[PDB]
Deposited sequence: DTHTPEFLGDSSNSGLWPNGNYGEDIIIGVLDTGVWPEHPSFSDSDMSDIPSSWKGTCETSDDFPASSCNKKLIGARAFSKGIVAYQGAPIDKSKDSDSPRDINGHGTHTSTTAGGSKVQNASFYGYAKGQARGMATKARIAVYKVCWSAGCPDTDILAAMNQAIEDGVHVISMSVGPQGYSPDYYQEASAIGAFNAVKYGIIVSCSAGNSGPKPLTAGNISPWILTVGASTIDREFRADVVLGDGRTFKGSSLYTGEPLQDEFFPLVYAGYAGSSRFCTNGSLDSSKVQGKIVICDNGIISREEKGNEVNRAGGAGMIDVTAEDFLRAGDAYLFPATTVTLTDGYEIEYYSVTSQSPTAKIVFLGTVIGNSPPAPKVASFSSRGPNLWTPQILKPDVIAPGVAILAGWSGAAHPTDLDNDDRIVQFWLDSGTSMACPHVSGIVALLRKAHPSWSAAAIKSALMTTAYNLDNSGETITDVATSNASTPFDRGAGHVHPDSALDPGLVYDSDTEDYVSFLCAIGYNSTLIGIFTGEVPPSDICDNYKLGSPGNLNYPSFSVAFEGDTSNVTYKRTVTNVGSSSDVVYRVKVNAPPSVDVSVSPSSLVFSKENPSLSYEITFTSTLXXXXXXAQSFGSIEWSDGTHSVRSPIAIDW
């Protein structure tokens, strides 16, 4: 996107973009709807030859020519054995691959909206496309085939904006869990969407401890079309209206519930004699916001105010006729004015793309799937948040912004929302860290993003939830919002390997048969005799999650921190922000690293003095802060 790198603090002056070489020579595998190869984001201008280490290929066709793949887009495979080409007829695959690794495109916009240079977070990375998503859906057998193939091909990062529609299956049933487990031993980082079933709890998916589970948040950008009434009251509105601008004049205002047989502005509901030259107020439901604009237009209306069912706005309404979207409560004020005033009038003031500190940002997206982790309460999910609301990236040439009959618009760049949009921002940042830190484990790269993630919005208050207008919790934002320039130099990391993951599979009570799904062998029945993790919460993880069985319960977890800073002789001190109704003790409270001792362990005890409660711990030396959120359930 044209603004997210700037919101993330990426720049060519310093930090992760230069030290990671914009991801030069890192390969990102994208498991999604495929790709639209005829697109300027796949330009390979000023890029070196594909390294011979790369064992990937391009499955060619009339529909997908050999000339599709170049030095930038270096891979394209399709996986339909679960029930045709890697070509992207949806748009979603082009949007995500392009967010993670798109070459720089000048003057990118959606009809002037979000205008700037569109850049992947890893602008110089190679992209390998693994099409696993068809109209029927994304079959488990094809997800697992593509992950195992991306590993064989030699990608560095798997970006997977695919997951369960609602509540998640258990690990052994999830392709993502099995695939990502295999990717670990090769240092391959797996970045996944948390899902779009928020704000209700327990909805997070792709929740394996060895996956970087990403939630969605807002940036400091709105797409603004305000309503002014004739009595001088003003209301915020949202629009991606793409047509000729409306006259800067007041129009007579009428509600569809008065002017027609339907407050929903269904086909043929408006009486033309009541809506000629009028702005018509339509209530949300039955049909899309844009389809309501077709009815207002058919009946001779000048414009449309759509009233949403929610008390917040999310940009995404590519109106073909002049219109703006307002909240439930603002809508009713405008409706009540339209019905009770002698001569009600309104103007829609189209302000376009607006960037500023009101409302504050980031906020956790209402739709972002939420913890707790449904299967393992002792693992906090999701892990981080990243931009996922109204993100400009690449789109399919075979897809209109809407499914309206009269929508013929073909765009290079579309604004889209989801944990789908958040995940590839993280996959791109992870590519950058891989280049800056070639020796780090997958776990160490993730740890670095989590222990530097920020938790205050640009107003200085705890990041809020769009759904509540109140402070969010770690079940909403994980360890916080990615801070790429800080993640380059985290000081300490919480490292983990495949053997730690087997100990976790043993701790959650999987028998040898289920462990064998992950390890790819028939282990002996007594395999878990050889693993002694205890609680799943003892897995070396950059966050803490406690599930108290009783009111006076106490829980102790073990962690190990590894110094990855440039100085071997460094001293860290712990600071504790204890959750309400929990006493927290850390032993030891000081860690003295040296060449002899580059890794040190500590124990943290949580004692209930009591529902859910939150806090944090941090380890600091002279220049580093290693922060971990704490979540408590009773």
property: Sequence ranges absent from the coordinates, based on the deposited chain and numbered from 1; result: 84-97, 625-630
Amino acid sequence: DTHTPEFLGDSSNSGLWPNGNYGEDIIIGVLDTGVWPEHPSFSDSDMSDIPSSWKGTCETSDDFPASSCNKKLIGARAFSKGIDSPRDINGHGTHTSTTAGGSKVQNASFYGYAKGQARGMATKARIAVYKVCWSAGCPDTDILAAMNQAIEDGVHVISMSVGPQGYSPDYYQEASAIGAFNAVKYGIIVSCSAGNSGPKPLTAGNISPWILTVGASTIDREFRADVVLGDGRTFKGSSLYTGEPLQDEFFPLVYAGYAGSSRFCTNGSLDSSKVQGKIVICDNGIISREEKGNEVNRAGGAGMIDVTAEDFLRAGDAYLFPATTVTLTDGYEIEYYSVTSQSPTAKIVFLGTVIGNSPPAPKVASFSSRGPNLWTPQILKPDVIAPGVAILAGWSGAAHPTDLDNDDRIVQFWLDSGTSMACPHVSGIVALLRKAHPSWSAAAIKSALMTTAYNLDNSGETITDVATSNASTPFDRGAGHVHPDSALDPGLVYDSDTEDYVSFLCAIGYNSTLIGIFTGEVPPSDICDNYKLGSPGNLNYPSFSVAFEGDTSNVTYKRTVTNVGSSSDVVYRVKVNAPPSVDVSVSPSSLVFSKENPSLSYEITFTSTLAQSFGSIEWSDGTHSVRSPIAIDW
From here on, numbers count along this sequence of modelled residues.
query	finding
Between the two ranges 105-113 and 157-165, the one averaging a larger CA B factor in the entry	105-113
Mean C-alpha B-factor comparison - 308-316 and 556-564, higher one	308-316
Criterion, highest CA B-factor; candidates, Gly179, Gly550, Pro362, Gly491	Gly550
Residue of maximum C-alpha B factor among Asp476, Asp497, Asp526, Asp457, per deposited coordinates	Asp526
Chain third (lowest, middle, highest) by recorded CA B-factor, residue given as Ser261	middle
Position of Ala216 among the chain's modelled residues by C-alpha B-factor, lowest, middle or highest third	lowest
Record-listed C-alpha B factor of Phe235: chain third	highest
Third of the chain, ranked by Cα B-factor, where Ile617 sits	lowest
Position of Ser97 among the chain's modelled residues by C-alpha B-factor, lowest, middle or highest third	middle
